[PDB]
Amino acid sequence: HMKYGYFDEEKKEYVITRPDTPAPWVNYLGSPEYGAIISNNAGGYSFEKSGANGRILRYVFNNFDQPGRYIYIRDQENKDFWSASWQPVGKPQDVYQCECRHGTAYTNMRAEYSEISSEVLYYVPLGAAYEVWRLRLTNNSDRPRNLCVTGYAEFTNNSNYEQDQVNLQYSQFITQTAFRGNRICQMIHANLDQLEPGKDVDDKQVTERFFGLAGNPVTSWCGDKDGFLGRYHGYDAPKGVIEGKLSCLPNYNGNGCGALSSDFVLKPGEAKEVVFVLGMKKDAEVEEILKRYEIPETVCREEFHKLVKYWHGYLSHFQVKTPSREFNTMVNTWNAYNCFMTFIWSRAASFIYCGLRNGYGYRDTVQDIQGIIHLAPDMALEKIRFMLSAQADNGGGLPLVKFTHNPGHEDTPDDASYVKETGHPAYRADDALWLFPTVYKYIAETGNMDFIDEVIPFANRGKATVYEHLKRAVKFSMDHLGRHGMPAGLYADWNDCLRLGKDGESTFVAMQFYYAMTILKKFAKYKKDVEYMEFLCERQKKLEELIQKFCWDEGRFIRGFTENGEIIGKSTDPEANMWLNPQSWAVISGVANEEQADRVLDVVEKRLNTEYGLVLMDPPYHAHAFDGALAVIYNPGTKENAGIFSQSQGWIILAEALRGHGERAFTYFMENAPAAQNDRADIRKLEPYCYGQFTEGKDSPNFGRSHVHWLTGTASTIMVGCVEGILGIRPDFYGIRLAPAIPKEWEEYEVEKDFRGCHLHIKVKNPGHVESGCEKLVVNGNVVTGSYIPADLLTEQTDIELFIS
């Protein structure tokens, strides 16, 4: 086909062999503290703390993927020049070979042209607040070559995107650049250099960005973008590159830049390594950083090894070997890396997310925790502590958790100050409920029973044990019930576009509530809280009766009730008569029995499944959308309007695997697997190595096209569907149950899992070629009845053999 790359499972890299990808395929470097997003054509931007308020490099979104981290190589013999990435020069691909390897927190750009080879390793060193472009030049010709390498970085005039892009009458007149031997220093508010140390004028001081070169002397420089590009020149042919010598002039007002040129004389077969460094540091620290890279080869290889060791070591705590190559690729590397990305970066910055953020969405962060629970349990513990501290003392979760979250002193949606500050006017019905699968899955993963009694403060006032925090969430749900005795809709639930009214009732939320009571029943059993346990039993019985009475329809559960009495999701409605999430969570929560779960899954597959996944609902909204059906503003088959919402794909997968339906769970995973779409990139457009937010549904002419890369809730739910669901990795408080749901073709597979200080080597065998089962279980050579391995049986190296047929 027109394949653009393949997966290197040895190096854990996606290698792009053809550079004219259907979209900019990007990778992330560093962390939110210092982050760099880079495309396969070197485009992107860098920032500190905030993508839109701490932006170091200018980037024009929704355009040509420009500017970027450009490295030009010019042959002094024939004045020809090209770029280390295909763009911006865009040489013909019959004479210009190149490849772009995206790895964990690094990107390697190889290119061969005119018998000259270049390799640029872009990375942010582990724990560093700057970025490195390590260029290795190699002469492959039989003659000496004279080359001129030019690095280009386009600074912002202000860290704030609005000041740099909109307030031109101010930001065009505050910057200066200066050359300092081996670097260009850009000064924002340059004229404030004479202020007494610590003082400020109009809440502004001099800030400094830098662009330096180490490993070779600088032969010419330029700090003025226009002077570097030339009048009416694009990045494909900069004047300063064309002429073979930069202006050696700075910028004074206008648009600054970092442009450094360096001459190379390479013998036949000779290679040389240099580094470009970019960041937001003061002069002395920059001089130290540049001195560190004087001879770059060894230090750069050591930093690269440290990066790989860190990220691959986190990945190594769970590795699978199954007959499905796409499944292996996603579970072992790319889904896990994506889960770490969503856990660490939240929704801070991408090529779609480019504005300001006030804080962390509650349900988003809580759910993102689940993706990395089996990989970085201490990280998950700290994030769970944080999110529990973001719960108000009424049990509800703060819809927006401020970056300056200060437990014991925060305001809530019940305060006008919080609404004015965050922009979230009310509590949402579903937020706190997500705490139940998350917290449980953490405690089941680690056996950290003590955490149940750990005292954590509430957001506004008071403190409670984790157990009491969950009880307060349940109380919040019970303190806000609708007219059918089911949880009131409040502002909204998981679906931002489904406004049922504050007195409506969402079936999604009702099933979340039922599942929360199941989890809390487990907790109360451990705590010997008998009175609360019988309370939970009675409330769960009542809620199950209510759900079956008012939400069960024609082989399906309805979507919910509006506050005006309307029934959303009824089978006879002309539009949106079949919804995915109610059935997914009927199976997940256990509200549906065995036959009911099978029936709703059958109807889901028949009505909602497509080649690229399951649509959120069907038919799309258009001519019969009620007052709160906000999704109707979107094009059909797009976003919440009957799009294939990728996050929901996780839930249904898990649901299918909870019923032992290995064939359907794996089919859904494959339909949504980006690796499985590597041969259909042109339809998918989006990166084949990370998850997007949604795929355009069947009701769109662009069926199969994915949007919003990397930073979505999809990574976590699909990771859970793969690990907890398909692979049957189902721990509880006192051990781990193995109940896989796999495709029948799999004869056997292996799992290496770190679990409670022990390494589990698991061989699952399926000689009968079934979907699920439990014929034999052998733990350390001893047969164990059932499919459950108590923690008492675990040794430092535990061999497990599970025959499912």
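Numbers for residues come from their place in the sequence shown, where the first is 1.
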191 to 199 versus 726 to 734 - greater average Cα B-factor per the deposited record: 191 to 199
Using the B-factors recorded in the PDB entry, average over the C-alpha atoms of 509 to 517 and of 591 to 599, then report which stretch comes out higher. 591 to 599
Scanning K441, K527, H102, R385 for peak Cα temperature factor in the entry gives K527
Chain-wide C-alpha B factor ranking for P32, given as lowest, middle or highest third: middle
Considering only modelled residues of the same chain, in which third does the CA B-factor of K475 rank: lowest, middle or highest? middle
Sorting the chain's modelled residues by C-alpha B-factor and splitting them into thirds places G768 in the highest
Sort the modelled residues of this chain by their C-alpha B factor and say whether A42 lands in the lowest, middle or highest third. lowest
Chain-relative CA temperature factor third for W494: lowest
